[PDB]
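Structure below is run-v5.txt: compact mmCIF, N, CA and C atoms.
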```txt
# COMPACT_ATOMS: atom_id res chain seq x y z
N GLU A 66 14.77 -4.42 -10.10
CA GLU A 66 13.95 -3.34 -10.74
C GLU A 66 13.39 -2.37 -9.71
N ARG A 67 13.45 -1.09 -10.03
CA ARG A 67 12.94 -0.04 -9.15
C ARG A 67 11.48 0.19 -9.51
N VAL A 68 10.62 0.29 -8.49
CA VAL A 68 9.21 0.50 -8.74
C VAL A 68 8.77 1.87 -8.24
N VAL A 69 7.99 2.57 -9.06
CA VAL A 69 7.48 3.89 -8.71
C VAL A 69 5.97 3.82 -8.51
N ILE A 70 5.52 4.17 -7.31
CA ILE A 70 4.11 4.15 -7.00
C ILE A 70 3.67 5.58 -6.77
N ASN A 71 2.91 6.11 -7.72
CA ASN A 71 2.43 7.48 -7.69
C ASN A 71 1.06 7.59 -7.04
N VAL A 72 1.03 8.08 -5.81
CA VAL A 72 -0.22 8.24 -5.09
C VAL A 72 -0.62 9.71 -5.11
N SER A 73 -1.61 10.05 -5.94
CA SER A 73 -2.11 11.41 -6.07
C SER A 73 -1.00 12.46 -6.23
N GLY A 74 0.07 12.09 -6.91
CA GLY A 74 1.17 13.02 -7.11
C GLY A 74 2.37 12.77 -6.21
N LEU A 75 2.16 12.03 -5.13
CA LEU A 75 3.25 11.73 -4.21
C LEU A 75 3.84 10.40 -4.65
N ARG A 76 5.06 10.45 -5.18
CA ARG A 76 5.71 9.25 -5.65
C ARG A 76 6.57 8.54 -4.62
N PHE A 77 6.41 7.22 -4.54
CA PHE A 77 7.19 6.40 -3.62
C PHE A 77 7.99 5.43 -4.47
N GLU A 78 9.15 5.03 -3.96
CA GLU A 78 10.00 4.10 -4.68
C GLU A 78 10.40 2.96 -3.77
N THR A 79 10.47 1.77 -4.33
CA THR A 79 10.85 0.60 -3.56
C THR A 79 11.33 -0.49 -4.52
N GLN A 80 11.87 -1.57 -3.97
CA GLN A 80 12.36 -2.67 -4.79
C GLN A 80 11.24 -3.66 -5.05
N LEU A 81 11.22 -4.21 -6.26
CA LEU A 81 10.22 -5.19 -6.65
C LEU A 81 10.16 -6.32 -5.62
N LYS A 82 11.31 -6.71 -5.09
CA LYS A 82 11.37 -7.78 -4.09
C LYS A 82 10.60 -7.37 -2.85
N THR A 83 10.75 -6.11 -2.46
CA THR A 83 10.09 -5.59 -1.28
C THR A 83 8.58 -5.80 -1.30
N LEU A 84 7.95 -5.47 -2.42
CA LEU A 84 6.51 -5.63 -2.54
C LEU A 84 6.10 -7.10 -2.68
N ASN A 85 6.93 -7.89 -3.35
CA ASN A 85 6.61 -9.30 -3.57
C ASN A 85 6.69 -10.23 -2.36
N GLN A 86 7.25 -9.78 -1.25
CA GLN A 86 7.33 -10.65 -0.09
C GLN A 86 5.94 -10.91 0.47
N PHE A 87 4.97 -10.13 0.00
CA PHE A 87 3.58 -10.29 0.42
C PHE A 87 2.71 -10.41 -0.83
N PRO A 88 2.83 -11.55 -1.53
CA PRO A 88 2.11 -11.90 -2.77
C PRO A 88 0.59 -11.89 -2.72
N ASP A 89 0.02 -11.93 -1.52
CA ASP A 89 -1.43 -11.93 -1.39
C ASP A 89 -1.97 -10.54 -1.04
N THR A 90 -1.36 -9.52 -1.64
CA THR A 90 -1.78 -8.14 -1.43
C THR A 90 -1.95 -7.53 -2.81
N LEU A 91 -2.55 -6.35 -2.89
CA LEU A 91 -2.74 -5.73 -4.19
C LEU A 91 -1.39 -5.41 -4.81
N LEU A 92 -0.52 -4.76 -4.05
CA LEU A 92 0.81 -4.39 -4.53
C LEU A 92 1.77 -5.56 -4.69
N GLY A 93 1.51 -6.66 -3.99
CA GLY A 93 2.39 -7.81 -4.09
C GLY A 93 1.99 -8.79 -5.17
N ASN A 94 0.87 -8.51 -5.84
CA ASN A 94 0.38 -9.39 -6.89
C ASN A 94 0.36 -8.68 -8.25
N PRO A 95 1.31 -9.02 -9.14
CA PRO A 95 1.37 -8.39 -10.46
C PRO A 95 0.02 -8.28 -11.16
N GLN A 96 -0.78 -9.34 -11.08
CA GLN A 96 -2.09 -9.33 -11.73
C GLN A 96 -3.02 -8.24 -11.18
N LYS A 97 -2.83 -7.86 -9.93
CA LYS A 97 -3.67 -6.83 -9.33
C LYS A 97 -3.10 -5.43 -9.48
N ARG A 98 -1.81 -5.27 -9.19
CA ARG A 98 -1.21 -3.95 -9.30
C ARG A 98 -1.10 -3.48 -10.75
N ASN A 99 -0.97 -4.42 -11.68
CA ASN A 99 -0.86 -4.05 -13.09
C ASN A 99 -2.13 -3.39 -13.62
N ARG A 100 -3.23 -3.56 -12.90
CA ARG A 100 -4.49 -2.93 -13.32
C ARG A 100 -4.34 -1.42 -13.10
N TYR A 101 -3.32 -1.05 -12.33
CA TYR A 101 -3.06 0.36 -12.03
C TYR A 101 -1.80 0.89 -12.70
N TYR A 102 -1.27 0.12 -13.64
CA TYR A 102 -0.07 0.54 -14.33
C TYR A 102 -0.40 1.66 -15.31
N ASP A 103 0.42 2.70 -15.29
CA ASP A 103 0.28 3.85 -16.18
C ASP A 103 1.29 3.65 -17.31
N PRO A 104 0.84 3.17 -18.48
CA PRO A 104 1.77 2.94 -19.59
C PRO A 104 2.55 4.17 -20.02
N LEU A 105 1.93 5.33 -19.91
CA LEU A 105 2.56 6.58 -20.31
C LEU A 105 3.73 7.02 -19.44
N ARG A 106 3.64 6.80 -18.13
CA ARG A 106 4.71 7.23 -17.24
C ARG A 106 5.52 6.11 -16.59
N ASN A 107 5.25 4.87 -16.99
CA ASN A 107 5.95 3.72 -16.43
C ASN A 107 5.97 3.76 -14.90
N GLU A 108 4.78 3.80 -14.31
CA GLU A 108 4.64 3.81 -12.87
C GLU A 108 3.22 3.37 -12.55
N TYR A 109 2.94 3.10 -11.28
CA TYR A 109 1.61 2.69 -10.88
C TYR A 109 0.95 3.90 -10.26
N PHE A 110 -0.26 4.23 -10.72
CA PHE A 110 -0.97 5.39 -10.20
C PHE A 110 -2.17 5.02 -9.34
N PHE A 111 -2.28 5.67 -8.19
CA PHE A 111 -3.38 5.45 -7.26
C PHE A 111 -3.95 6.82 -6.90
N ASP A 112 -5.16 7.08 -7.37
CA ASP A 112 -5.84 8.35 -7.14
C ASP A 112 -6.45 8.32 -5.74
N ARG A 113 -5.61 8.09 -4.74
CA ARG A 113 -6.08 7.98 -3.36
C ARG A 113 -5.35 8.80 -2.30
N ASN A 114 -5.76 8.59 -1.05
CA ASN A 114 -5.22 9.26 0.12
C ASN A 114 -3.70 9.14 0.21
N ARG A 115 -3.03 10.28 0.26
CA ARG A 115 -1.57 10.33 0.32
C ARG A 115 -0.94 10.01 1.67
N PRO A 116 -1.34 10.71 2.74
CA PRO A 116 -0.76 10.45 4.07
C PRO A 116 -0.80 9.00 4.55
N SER A 117 -1.73 8.21 4.03
CA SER A 117 -1.84 6.82 4.42
C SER A 117 -0.83 5.90 3.76
N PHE A 118 -0.42 6.22 2.54
CA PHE A 118 0.50 5.32 1.84
C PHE A 118 1.84 5.11 2.52
N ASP A 119 2.25 6.06 3.32
CA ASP A 119 3.51 5.95 4.03
C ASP A 119 3.47 4.67 4.87
N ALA A 120 2.39 4.51 5.61
CA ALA A 120 2.21 3.34 6.46
C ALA A 120 2.00 2.07 5.64
N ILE A 121 1.48 2.22 4.43
CA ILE A 121 1.24 1.06 3.58
C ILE A 121 2.55 0.48 3.08
N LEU A 122 3.45 1.35 2.64
CA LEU A 122 4.74 0.91 2.14
C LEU A 122 5.62 0.39 3.26
N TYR A 123 5.58 1.05 4.42
CA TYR A 123 6.40 0.61 5.54
C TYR A 123 5.97 -0.79 5.98
N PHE A 124 4.74 -1.16 5.65
CA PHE A 124 4.24 -2.48 5.99
C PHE A 124 5.11 -3.52 5.30
N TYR A 125 5.48 -3.25 4.05
CA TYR A 125 6.32 -4.17 3.30
C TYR A 125 7.77 -4.13 3.75
N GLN A 126 8.32 -2.92 3.87
CA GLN A 126 9.72 -2.75 4.29
C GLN A 126 9.99 -3.25 5.71
N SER A 127 8.97 -3.21 6.56
CA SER A 127 9.12 -3.63 7.95
C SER A 127 8.90 -5.12 8.19
N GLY A 128 8.35 -5.81 7.19
CA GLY A 128 8.11 -7.22 7.35
C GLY A 128 6.73 -7.53 7.91
N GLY A 129 5.83 -6.56 7.87
CA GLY A 129 4.48 -6.79 8.36
C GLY A 129 3.99 -5.84 9.45
N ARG A 130 4.79 -4.83 9.76
CA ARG A 130 4.43 -3.86 10.79
C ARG A 130 3.40 -2.85 10.28
N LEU A 131 2.14 -3.06 10.63
CA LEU A 131 1.05 -2.18 10.20
C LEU A 131 0.65 -1.13 11.25
N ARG A 132 1.18 0.08 11.10
CA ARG A 132 0.90 1.18 12.03
C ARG A 132 0.20 2.36 11.35
N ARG A 133 -0.98 2.73 11.84
CA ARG A 133 -1.70 3.86 11.27
C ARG A 133 -1.04 5.16 11.73
N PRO A 134 -0.79 6.09 10.79
CA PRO A 134 -0.16 7.36 11.19
C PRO A 134 -1.12 8.08 12.14
N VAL A 135 -0.57 8.66 13.20
CA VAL A 135 -1.39 9.36 14.19
C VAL A 135 -2.33 10.41 13.60
N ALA A 136 -1.90 11.06 12.52
CA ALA A 136 -2.71 12.11 11.89
C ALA A 136 -3.80 11.63 10.94
N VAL A 137 -3.77 10.35 10.57
CA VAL A 137 -4.76 9.81 9.65
C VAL A 137 -5.94 9.17 10.38
N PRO A 138 -7.15 9.68 10.15
CA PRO A 138 -8.37 9.17 10.78
C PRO A 138 -8.50 7.65 10.70
N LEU A 139 -9.08 7.07 11.75
CA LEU A 139 -9.28 5.63 11.85
C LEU A 139 -10.08 5.08 10.67
N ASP A 140 -11.15 5.76 10.30
CA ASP A 140 -12.01 5.31 9.21
C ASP A 140 -11.34 5.39 7.84
N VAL A 141 -10.49 6.38 7.65
CA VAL A 141 -9.79 6.55 6.38
C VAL A 141 -8.76 5.44 6.19
N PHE A 142 -7.89 5.28 7.18
CA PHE A 142 -6.86 4.27 7.11
C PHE A 142 -7.43 2.87 6.94
N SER A 143 -8.52 2.59 7.65
CA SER A 143 -9.16 1.28 7.56
C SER A 143 -9.55 1.02 6.11
N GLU A 144 -10.12 2.02 5.45
CA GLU A 144 -10.53 1.87 4.06
C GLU A 144 -9.30 1.58 3.20
N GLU A 145 -8.22 2.31 3.45
CA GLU A 145 -6.99 2.14 2.68
C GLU A 145 -6.38 0.74 2.81
N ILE A 146 -6.19 0.27 4.03
CA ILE A 146 -5.62 -1.06 4.21
C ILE A 146 -6.50 -2.10 3.53
N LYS A 147 -7.81 -1.85 3.53
CA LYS A 147 -8.73 -2.76 2.89
C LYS A 147 -8.54 -2.76 1.39
N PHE A 148 -8.40 -1.57 0.81
CA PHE A 148 -8.21 -1.45 -0.64
C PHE A 148 -6.91 -2.10 -1.09
N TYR A 149 -5.86 -1.95 -0.29
CA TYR A 149 -4.58 -2.54 -0.64
C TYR A 149 -4.54 -4.01 -0.28
N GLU A 150 -5.67 -4.52 0.20
CA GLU A 150 -5.80 -5.93 0.56
C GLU A 150 -4.60 -6.46 1.32
N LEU A 151 -4.34 -5.90 2.49
CA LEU A 151 -3.19 -6.34 3.27
C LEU A 151 -3.36 -7.68 3.98
N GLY A 152 -4.59 -8.20 4.01
CA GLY A 152 -4.83 -9.48 4.64
C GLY A 152 -5.54 -9.46 5.98
N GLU A 153 -6.17 -10.59 6.32
CA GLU A 153 -6.89 -10.70 7.58
C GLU A 153 -5.95 -10.75 8.76
N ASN A 154 -4.86 -11.50 8.62
CA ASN A 154 -3.88 -11.61 9.70
C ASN A 154 -3.43 -10.23 10.16
N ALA A 155 -3.21 -9.33 9.21
CA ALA A 155 -2.77 -7.98 9.53
C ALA A 155 -3.94 -7.11 9.96
N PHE A 156 -5.11 -7.36 9.38
CA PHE A 156 -6.30 -6.59 9.71
C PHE A 156 -6.71 -6.88 11.15
N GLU A 157 -6.30 -8.03 11.66
CA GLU A 157 -6.62 -8.40 13.04
C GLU A 157 -5.70 -7.62 13.97
N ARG A 158 -4.39 -7.77 13.76
CA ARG A 158 -3.41 -7.07 14.58
C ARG A 158 -3.76 -5.60 14.60
N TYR A 159 -4.37 -5.13 13.51
CA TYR A 159 -4.76 -3.73 13.39
C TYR A 159 -5.96 -3.39 14.27
N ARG A 160 -6.95 -4.28 14.28
CA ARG A 160 -8.14 -4.06 15.08
C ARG A 160 -7.84 -4.09 16.57
N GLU A 161 -7.08 -5.10 17.01
CA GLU A 161 -6.72 -5.21 18.41
C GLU A 161 -5.98 -3.95 18.84
N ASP A 162 -5.07 -3.50 17.97
CA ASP A 162 -4.26 -2.31 18.23
C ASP A 162 -5.09 -1.03 18.35
N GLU A 163 -6.14 -0.92 17.54
CA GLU A 163 -7.00 0.26 17.57
C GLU A 163 -8.10 0.19 18.62
N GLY A 164 -8.47 -1.02 19.03
CA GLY A 164 -9.50 -1.18 20.03
C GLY A 164 -10.60 -2.18 19.70
N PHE A 165 -11.05 -2.17 18.44
CA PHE A 165 -12.14 -3.05 17.95
C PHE A 165 -11.57 -4.35 17.29
```
Go ahead and render the structure in this file as structure tokens.
Amino acid sequence: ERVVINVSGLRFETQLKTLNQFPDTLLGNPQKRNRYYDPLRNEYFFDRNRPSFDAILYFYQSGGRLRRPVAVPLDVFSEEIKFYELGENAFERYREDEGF
């Protein structure tokens, strides 16, 4: 199944398997992502920061590689990874990488 994730108008597509390899995340848990399902357009809608989602999706496609885009502020991205509940293990690699 093809999944469409609409972030403030910017649509991303990926395989259901891709998101499910990380079941303890918002997008990897049907019970959590379904709270954002748009019945009208058959897609998941997130009224959030667009430039950050690129790094969020690549996290899944890369197997866990969490890299903040150079153009996205540290405080913004941190909020995003937190909202998508990427996990402590990844939030650590992220902190060491950023400095704190």
Exercise for review: Based on DSSP run over this structure's backbone, return all residues of chain A in strand (DSSP E), as a list in words.
Suggested key: residues 67, 68, 69, 70, 71, 72, 75, 76, 77, 78, 79, 80, 102, 103, 108, 109, 110 and 111 of chain A
Excluding same-chain residues fewer than 5 positions from range 96-108 of chain A, what lies within 8 Å of it counting all atoms listed in the file, as an mmCIF file with N, CA and C atoms, in the frame of the given file?
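Result file follows (selection03.cif):
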```
data_model
loop_
_atom_site.group_PDB
_atom_site.id
_atom_site.type_symbol
_atom_site.label_atom_id
_atom_site.label_comp_id
_atom_site.auth_asym_id
_atom_site.auth_seq_id
_atom_site.Cartn_x
_atom_site.Cartn_y
_atom_site.Cartn_z
ATOM 1 N N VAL A 68 10.620 0.290 -8.490
ATOM 2 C CA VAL A 68 9.210 0.500 -8.740
ATOM 3 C C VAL A 68 8.770 1.870 -8.240
ATOM 4 N N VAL A 69 7.990 2.570 -9.060
ATOM 5 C CA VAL A 69 7.480 3.890 -8.710
ATOM 6 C C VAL A 69 5.970 3.820 -8.510
ATOM 7 N N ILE A 70 5.520 4.170 -7.310
ATOM 8 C CA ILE A 70 4.110 4.150 -7.000
ATOM 9 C C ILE A 70 3.670 5.580 -6.770
ATOM 10 N N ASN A 71 2.910 6.110 -7.720
ATOM 11 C CA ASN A 71 2.430 7.480 -7.690
ATOM 12 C C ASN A 71 1.060 7.590 -7.040
ATOM 13 N N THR A 90 -1.360 -9.520 -1.640
ATOM 14 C CA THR A 90 -1.780 -8.140 -1.430
ATOM 15 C C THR A 90 -1.950 -7.530 -2.810
ATOM 16 N N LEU A 91 -2.550 -6.350 -2.890
ATOM 17 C CA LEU A 91 -2.740 -5.730 -4.190
ATOM 18 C C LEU A 91 -1.390 -5.410 -4.810
#
```
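When CA of residue 115 in chain A is paired with CA of residue 127 in chain A, their separation reads 19.2 Å.
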Exercise for review: Could you tell me, as a ChimeraX atom specification, which residues of chain A DSSP assigns to helix (DSSP H, G or I) when given the backbone?
Suggested key: /A:81-85,95-101,115-127,139-148,153-163
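Between residue 142 in chain A and the candidates A:88, A:95, A:117, A:124, the tightest atom-to-atom separation, counting all atoms listed in the file, involves A:117.
The space between atom N of residue 72 in chain A and atom C of residue 161 in chain A spans 28.3 Å.
For the pair atom N of residue 126 in chain A and atom C of residue 83 in chain A, the separation is 5.9 Å.
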Check your understanding: Which neighbours of residue 143 in chain A fall inside 9 Å, counting only C-alpha atoms, when residues of the same chain fewer than 3 positions from it are skipped, and could you give them as number ranges by chain?
Key -> A: 133, 138-140, 146-148, 156, 159
Practice item. Determine the nearest neighbour of residue 112 in chain A from the options A:73, A:129, A:93, A:149, counting all atoms listed in the file. Key: A:73
**Study point:** Within 9 Å of residue 66 in chain A using only C-alpha atoms, minus same-chain residues under 6 positions, as a ChimeraX atom specification
**Key:** /A:79-82
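For the set A:118, A:89, A:113, A:135, the residue with the smallest atom-to-atom gap to residue 155 in chain A is A:89, counting only C-alpha atoms.
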Study note, to complete from the structure: With distances taken over only N, CA and C atoms, the candidate from A:162, A:154, A:92, A:84 nearest residue 125 in chain A is A:84
Put a box with edges along x, y and z around all the listed atoms of range 76-83 of chain A, pad it by 5 Å on each side, then give me its centre and sizes in Å, one decimal, as JSON.
```
{"center_x": 8.7, "center_y": 1.3, "center_z": -4.0, "size_x": 17.3, "size_y": 28.2, "size_z": 15.4}
```
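Each of A:151, A:145, A:87, A:132 was compared to residue 120 in chain A using only N, CA and C atoms, and A:132 turns out to be the nearest.
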